[PDB]
Every structure is written in C-alpha cells, then in structure tokens.
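Peer 1: Sending over a structure as structure tokens; questions will come in a sec.
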Amino acid sequence: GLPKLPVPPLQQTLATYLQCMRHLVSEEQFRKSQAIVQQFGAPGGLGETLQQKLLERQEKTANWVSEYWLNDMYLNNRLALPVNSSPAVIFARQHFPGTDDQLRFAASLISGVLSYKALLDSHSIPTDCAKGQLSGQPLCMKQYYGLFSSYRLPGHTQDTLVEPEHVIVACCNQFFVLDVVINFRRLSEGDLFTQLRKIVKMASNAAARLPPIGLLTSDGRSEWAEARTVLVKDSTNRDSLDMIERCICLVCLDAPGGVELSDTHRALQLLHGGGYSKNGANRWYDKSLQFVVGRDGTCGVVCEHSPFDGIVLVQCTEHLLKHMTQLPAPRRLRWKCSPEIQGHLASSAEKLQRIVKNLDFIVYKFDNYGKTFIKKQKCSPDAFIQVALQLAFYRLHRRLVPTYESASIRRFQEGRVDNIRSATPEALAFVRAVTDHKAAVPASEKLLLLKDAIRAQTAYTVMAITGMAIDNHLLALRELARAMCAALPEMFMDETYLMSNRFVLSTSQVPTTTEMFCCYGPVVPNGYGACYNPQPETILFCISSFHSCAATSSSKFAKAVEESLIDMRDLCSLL
Ligand SMILES: C[n+]1ccc(C[C@@H](SCCNC(=O)CCNC(=O)[C@H](O)C(C)(C)COP(=O)(O)OP(=O)(O)OC[C@H]2O[C@@H](n3cnc4c(N)ncnc43)[C@H](O)[C@@H]2OP(=O)(O)O)c2cccc3ccccc23)cc1
Ligand code: NA
Ligand code: NA
C-alpha cells in the first residue's frame, strides 16, 4: 500500500543541479554547464522527451529507478568487493576461553539466523515505521527478503544479482556444507554445536586441505568472472559453487589475529581478514552475509550489500544478538584446480595484499557530547554532523568536494536510497568564515552561518527522503537517453556532471542500540569513507581512506572532525 517513487518536475531537478555545482566549479566551466542545461531543458527539447519516457516508465514499473540504480551503484562496478564495496558490522567483544565457547556462540548465532528466517517466511513481520526525520511513516520491507536469498555472480562487464536448507562454514580456508532445516525440521543449537565440532576437527587436517578458492572472490569482478569461467569447466567445481550459491549465509570460523583487539583492528579483520596470510581467504565475498566468529572473540558480519542497505541489516543483527540463546558429518566442498587456476590464485593473493596495505582505517569515539546537546540547539543531529564533516574536510584540505550521504527512500515501493548532497553553498559560506582568519568574521555571524548551513542541510534531507532530490532522476534520464543512442547527450558528458558524481567524501549514518558499529571503504582513490553512529552523549565515527593518496589521512581527518565538533559547540554556546 506504499506510494510509487515520485518523478520530480524536470525544471526543478535542473535548477537544483546547477545550484549544487556552481560553487564547486570555475566561472567558465559553470557558464558552459548553464548553457548545456538550458538547451537540455528547453521546451520541446530532449529533456522533456526523456521526462515523458520516464513518466511512462513509472506507470509500468513498481519503481522506475530500481534497475538503473542497481547497475550503476553495484553491478557495473569493476573493483574488488573487499574494502571497495562490502561493508562490515563489528559486534561487541566476546571472550572465548576455549574453542567450544567460540563454537557455542556460532551454534547459538546460526539458530538465531534460522528463527529469523522463519519470521520472514511467516510474512507476518509488522511494517517498520520511520524514526527520525518525518517519523511514523510506513517503510518498505522488501530489503529484508534479500538478506539471505541472494548471491552476486561476477560478469565480464556487469555482475548479476541472482532444496533442503544449509549454511556454508568456512574454516582454515575450507568450505563445509552444514544442513540446518532438513524438511521444515530445524537442527537444534546442540546439534549445530556438535556439527561445528566435527568441522573444526576436519578442517584441522593438513593432509585434507584444499586450495583456498575463496581468495578468488576477493579479486576484481572481471578477473573473478574469468577465473570462475575456468572453474565451471569441471563437474565437481560446478557442484561446489552451486552449494555456495544456494546457501543461507556463510559462517567463518577465523583464526586468532596476532594484534591487540582494538576496535580498529577488529574492524580490519571483518573488512579484509588481514589478507591471505591471516583470514582473507576464509571468505566468499559473492554471498550476501558472511558471519565471522573468530577464535579470539572477534565477531561480526561482512555484507555484499547489493540487495539491502545498512538500516535493515542492523535491525536484523540486533534482533539476532538480542534473541540469542546464551547426524551425518558435514560435507567438505571439493575442488579441482587447473594449472591456470593456480596462477589466478597467486594474482588474487597479490591484489588482495595491496588492498590490505592500502587501507587506512580508524575508529574514533567523540565523547564530549552527542544527540542530546544537538537537539538542545534546535538542530537535527544528522544535519549538525554533516555540517561538521564539511568543516572537517575544508579545514584539512582547503576545498569542499562533491559529497554523498545515504538517504532512505523506503517510504516508496522497493525504495533503496537517494543522495543528500551535503556540500551546499551554505556549507561553503560557513566553513570559509570559520577557517579564513584574515577575514576575522565575528563569532556571532559565524553562528548565523552555522544555523543557515544546518537549515540548508535539513531542507535537502527532507527533499531527498520524499523522493524529490536529483541523483536518481538524472540517472534515469541518462539511461533512458542511452537506450535511444549510445552517444549520451551533452549534459551527461559535461565535465561538471562527471565531477558531481566523484564522491571524494562518502558518508552515511547507521545508528545502533548496542556496542556494534559499521564501516566501509572510500569510493574514489583520493577520498574518504565515513560512517557514524550518533548516540545521546557520544558520536562514533568510522573513517577510511587510502594510503596511496598522500593528501588523505584518516587520523588527521578524525582530529579535524573533533576540532569541528568543538568549534560548533562553542559557536552554539554563544547565544
Ligand atoms: C556510497 N555508499 C553506499 C552505501 C554504502 C553502505 C551503507 S548503506 C546506507 C545505510 N545508511 C542509511 O540507509 C541511512 C538512512 N537514514 C535516513 O534516511 C535518515 O532519515 C537521515 C540520515 C536522512 C536523517 O537522519 P534522521 O535520524 O532521520 O534525522 P535526525 O538526525 O534529524 O533525527 C534524530 C533525532 O533528532 C530529532 N530531531 C530532528 N530535528 C530536530 C530539531 N530541529 N530539534 C530537535 N530535535 C530534532 C529527531 O526527532 C530524532 O529524535 P530521537 O529519535 O533521537 O528521539 C552501509 C553502511 C554500514 C553498514 C551496511 C551494512 C549493509 C549494507 C549497507 C551498509 C556505502 C557507500
Ligand atoms: Na542516488
Ligand atoms: Na591517505
């Protein structure tokens, strides 16, 4: 009973687009972009033709952007999924004195998964109602049904999102089939614990060890598509891939790390496993959910997020963790490795280690204040924090950049997200006043600039979540144009448009109720990834960047965030 994603008016989107980019390009580049957009948007022109094709599309589809967005955000992306794509959720520290304590946790977690899947298959789950901005409104539930049912196949140029029930268990880079529902008749926690004891014993036998095929899923998508094409030439490889493809989830029983179990190092283990020499091959990145249960108590889940976004994921995992309860041998999946496959594995190992060494990651806990203080200033906490991130970026790098912030459009049928473009002209005015000390702008006027930047950020936020923002609209017009002619219209070849979609700062808010946190890598080589968790009295930031970029630094950016939050508290405390 949810409404269809709206199609905003064309002239609205084009005027918002120009206002979004004017302050981020030169005078001359903008003048050219203005002329291009005017011709695109002229009466009887190409824009209007495309808009009419888009309204026809809205009438005939449940959601007119779903296919375009899924390809542009995920399936067309050629980069390896670790760090570049798959986010990580880190649970609370656990203490596993013995192996059976780790395996009791795993058994308890798996049966929590089985019972959660039974609720979904009940189709009796009450509709989620929004929290925060525009509270109380009903939200789409489709994403819950992609948590367990999905596998992402690699393609040469574009990926594809695709019996008795079983889990796959990864241990010592070996994969084991663990059947769990054996005719609508679930195995108990006790049975699962017993089955996991057998897997650990068998995975420990070095005479029986098979090559670490999971490492192949860590490569570039076109490279893994090619390697997979080799594998499927043999029958027993095909059967093994089939079991992984139809599994409920992965459960990875990781070896202990060597390092201090800081929040930052626990996150690193969930994001890439520390590479081939630690837990990096104890993975299968094509599958949507990989639950990690490390021997040292490091536990979380790695997500192939093409079928769902973070809010739905965390509601599931918080459900699982809260409800957790305090016979043939599982089959080991077999493989036949060509001489060629041996070479694919060597390159996968080398490419994966470059990712491991390239990632610069920090978990930073701002503890001077949280949402409560911000609400007392009559501000949205998310908008407050977004403005602070723009100040952080500007005081460090002395420029503002196209920024991405996730906004859920789950108020509409099959809605996923649109983009809140936080790098507004009001943000620019504020951060310049704060950092340009020659200008000597009085603190009272800085406060007025702070309040107007928050106002603009909230206004864009409301627009985005009601389906009236620009990114999805423009994407659809672009891909509708592409279908009529491979030569795209000038508006989408314009350097201004290409720049507008290089998100040097890529952000999202994922609040949790518990001690878990979320993190992901940047989406451009010279950029940051920034996932935050605002609580009443604290704000948790997970900051990523790439060591190969000499300008970026996760530690420096985190100190800039702290400085920006203190500056903004001092400004709000004036009046
Ligand atoms: C490029 N790429 C794409 C994707 C990814 C992976 C991501 S996938 C995206 C996951 N993220 C989302 O999907 C975010 C969805 N969120 C929304 O869309 C929100 O709507 C948003 C953020 C727009 C606004 O945030 P808000 O909280 O709604 O608004 P607020 O902050 O203003 O309200 C708070 C409190 O303040 C009150 N209030 C408001 N105004 C006030 C005022 N003026 N005065 C006083 N009070 C005021 C409110 O009433 C409330 O009150 P309270 O409830 O506390 O009592 C991901 C991350 C992590 C893990 C993943 C795992 C799996 C899959 C994906 C994962 C990475 C990179
Ligand atoms: Na978008
Ligand atoms: Na860097």
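Each position is counted from 1, following the chain as shown.
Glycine residues also receive a Cβ, built from the backbone N, Cα and C atoms like all the rest.
Here's the feature list from Swiss-Prot:
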type	residues	note
ACT_SITE	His305	active site, proton acceptor
BINDING	370-382, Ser408, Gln509	CoA binding site
Peer 1: When the Cα-Cα distance from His305 (active site, proton acceptor) is computed for each of the binding-site residues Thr372, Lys376, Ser380, which gives the smallest value?
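Peer 2: Of the binding-site residues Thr372, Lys376, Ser380, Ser380 has its Cα closest to that of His305 (active site, proton acceptor).
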Peer 1: Given that 8 residues are missing from the model between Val162 and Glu163, what is the Cα-Cα distance between those two, in Å?
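Peer 2: Here the endpoints' Cα atoms lie 16 Å from each other.
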Peer 1: Ten-angstrom check, please: count other Cβ atoms within 10 Å of the Cβ of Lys378 (CoA binding site), all chains counted.
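Peer 2: By my count, 9.
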Peer 1: Between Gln326 and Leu327 the model skips 10 residues. Roughly how many angstrom lie between the two CA atoms, to the nearest whole number?
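Peer 2: Taking the Cα atoms on either side of the gap gives 23 Å.
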Peer 1: Can you go through the binding-site residues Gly370, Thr372, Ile374, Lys378, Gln509 and pick out those with a C-beta less than 6 angstroms from ligand 1?
Peer 2: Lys378, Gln509
Peer 1: Who sits close to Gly370 (CoA binding site): which same-chain residues at least 6 apart have their Cβ under 8 Å from its Cβ?
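Peer 2: Set apart from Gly370 (CoA binding site) by at least 6 residues yet with Cβ under 8 Å, we have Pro381, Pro534, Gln535, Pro536, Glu537, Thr538, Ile539.
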Peer 1: Sort out the sequence-distant neighbours of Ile374 (CoA binding site) for me: same chain, 6+ apart, CB within less than 8 Å of its CB, listed by position.
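Peer 2: Expected: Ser380, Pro381, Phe384, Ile385, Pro534.
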Peer 1: Would you say which of the recorded positions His305, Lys376 has the most Cβ atoms within 10 Å of its own Cβ?
Peer 2: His305
Peer 1: When the number of other CB atoms within 10 A of each residue's CB is tallied over all shown chains, which of the binding-site residues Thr372, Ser380 has the maximum?
Peer 2: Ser380
